[PDB]
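Asks: generate a structure from the sequence data that follows.
(one chain, ligands or ions: 1)
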Amino acid sequence: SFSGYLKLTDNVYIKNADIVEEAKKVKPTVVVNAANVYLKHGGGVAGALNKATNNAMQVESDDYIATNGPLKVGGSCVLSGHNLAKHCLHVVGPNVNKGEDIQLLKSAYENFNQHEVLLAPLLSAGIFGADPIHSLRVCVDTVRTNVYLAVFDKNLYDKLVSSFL
Ligand SMILES: CC(=O)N1[C@@H]2CC[C@H]1c1cccnc1C2
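Replies: Numbering: from 1, shown residues only. Pasting the structure now:
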């Protein structure tokens, strides 16, 4: 069971935590990856999750792309969670540093509704360049299933909580 989360709404919870450490402790049914369309898990959340799998996530992902081609921005795929979770839901939020449409963030969060409970980061935050405050608002207004958000940066976590409405 998830522990130490602050309840923001009926279905959204948040914690200042490293999502890799959280996944290793909880072993959730679903961990969300902040993926790109190519499933190239180089940095940010994706790089960290992939490193924690000893690159097994990347190997699996490369086979997935070779068979299926790239994901769409706003889309997702379900792959193995390896040693971190039962499944990994790879979700592609828009990357503002690539000029992608921030309106696709809502479509990205809609993928979460296909899973009753998820451990997730804020989509499009961090190296994806979107405002994490906006990402949290889109999350709360889009996701209806139970989502446990892990925010690594304590300063950002405090800002997210203190500005939540
Ligand atoms: C150390 C650090 O900044 N991070 C790790 C992996 C990506 C980033 C991060 C973001 C959100 C939740 N957990 C985490 C934990």
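Asks: okay, buried residues for the helix ranked longest in the chain please.
Replies: When the chain is scanned for its longest helix (criterion: DSSP state H), the result is helix 56-68. By 16 or more other C-beta atoms under 10 Å, the buried positions in helix 56-68 come out as 57, 58, 60, 61, 64, 65. (C-beta placed from N, C-alpha, C; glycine too.)
Asks: other SSEs contacting it?
Replies: The contact analysis (3 or more C-beta pairs under 8 Å, 6 or more residues apart in numbering; DSSP states H and E) places helix 56-68 against helix 44-52, strand 76-80.
Asks: out of those, which comes closest to residue 33?
Replies: Ranking these by proximity to residue 33 (C-beta to C-beta) places helix 44-52 first, at 5.3 Å.
Asks: does the ligand sit close to that closest one?
Replies: Yes: against the ligand, helix 44-52 shows contacts by C-beta under 6 Å from any ligand atom at 44, 45, 48.
Asks: what angle separates that helix from helix 56-68?
Replies: Put simply, helix 44-52 runs at 110 degrees to helix 56-68, going by axes from the mean of the first three to the mean of the last three C-alpha atoms, to 10 degrees.
Asks: list the contacts of helix 44-52.
Replies: 18-20, 23-24, 31, 33-36, 40-41, 57-58, 82-84, 88, 121, 126-128 (C-beta atoms under 8 Å, 6 or more residues apart in numbering).
Asks: and the closest residue to residue 18 other than its chain neighbours, how many neighbours does it have?
Replies: Of all residues not flanking residue 18 in the chain, residue 152 sits nearest, at 5.5 Å (C-beta to C-beta, 6 or more residues apart in numbering). For residue 152, the neighbour count with other C-beta atoms under 10 Å is 19.
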